[PDB]
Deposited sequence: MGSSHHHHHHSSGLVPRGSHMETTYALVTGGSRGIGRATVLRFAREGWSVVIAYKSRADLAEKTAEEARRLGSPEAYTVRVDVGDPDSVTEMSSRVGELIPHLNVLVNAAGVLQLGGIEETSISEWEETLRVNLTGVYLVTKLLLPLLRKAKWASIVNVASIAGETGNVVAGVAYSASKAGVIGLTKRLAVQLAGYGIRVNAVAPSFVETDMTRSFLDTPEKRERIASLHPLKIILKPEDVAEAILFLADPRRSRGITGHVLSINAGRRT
């Protein structure tokens, strides 16, 4: 088989970083996409190489900016022959009701959390179509599933939008054999109410992302939202 290549936005922290390292343990080559923490990205790359990635690259990108994403895309195309897995995990949190959410805050949240997913996926599709097999995993949130959670109105709207995008892309891209799924975690403990007495960690979400990314495990699953909330919402 061909070498496996995975790209993870928000790959230098939280869920994205945990996902990159989980992929490395699988022997998958990785591309760590980050906005500004070049230091954290390179240190993540060094751990990925130690853990098992044949190759680990870093690439700077602002997912909410079209030009930045277009450049990242070209840059990535110069480093790898194809892309098997794309994980969009570069979302940003937002809090507050509609009265306290200013128009600029609303727009910025949608630009990064929703438009960013569409942009990264759009520009990297040619690389994904070149792979013998491919999958896409978007990191949504329980906030996109329900209003009964403390999250800003823009955050909830953007995450629900990510879920809608995930489902439509799954059906539309199924023709190319590309699977598209999402994970919807509840509160996750990072460097920033439920029946099961545990605290979700980035590594817990990474396991779920790996399951959905790997065709050996989920080849028949597409357009699904895998909820990880320790039972807060069934």
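Residues of the deposited sequence missing from the coordinate set occupy positions 1-20, 213-228.
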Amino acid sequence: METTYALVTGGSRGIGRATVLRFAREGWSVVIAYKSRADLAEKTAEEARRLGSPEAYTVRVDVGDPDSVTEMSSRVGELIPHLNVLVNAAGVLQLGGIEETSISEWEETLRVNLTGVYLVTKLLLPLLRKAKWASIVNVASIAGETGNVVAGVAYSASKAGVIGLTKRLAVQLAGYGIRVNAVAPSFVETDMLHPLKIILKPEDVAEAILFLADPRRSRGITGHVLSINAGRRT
From here on, numbers count along this sequence of modelled residues.
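The question of which stretch, 160-168 or 76-84, has the higher mean Cα B factor is settled in favour of 76-84.
The stretch with the higher mean CA B factor, choosing between 52-60 and 205-213, is 52-60. Looking at the C-alpha B-factors along this chain, the one for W133 belongs to the middle third.
Residue-level temperature factors show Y176 in the middle third of its chain, judged at the C-alpha atom.
Among the modelled residues of its chain, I228 has a C-alpha B-factor that falls in the lowest third, as given in the PDB entry.
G96: CA B factor in the highest third of modelled residues in this chain (values from the PDB entry). Ranked against the other modelled residues of its chain, the C-alpha B-factor of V69 as given in the entry falls in the middle third.
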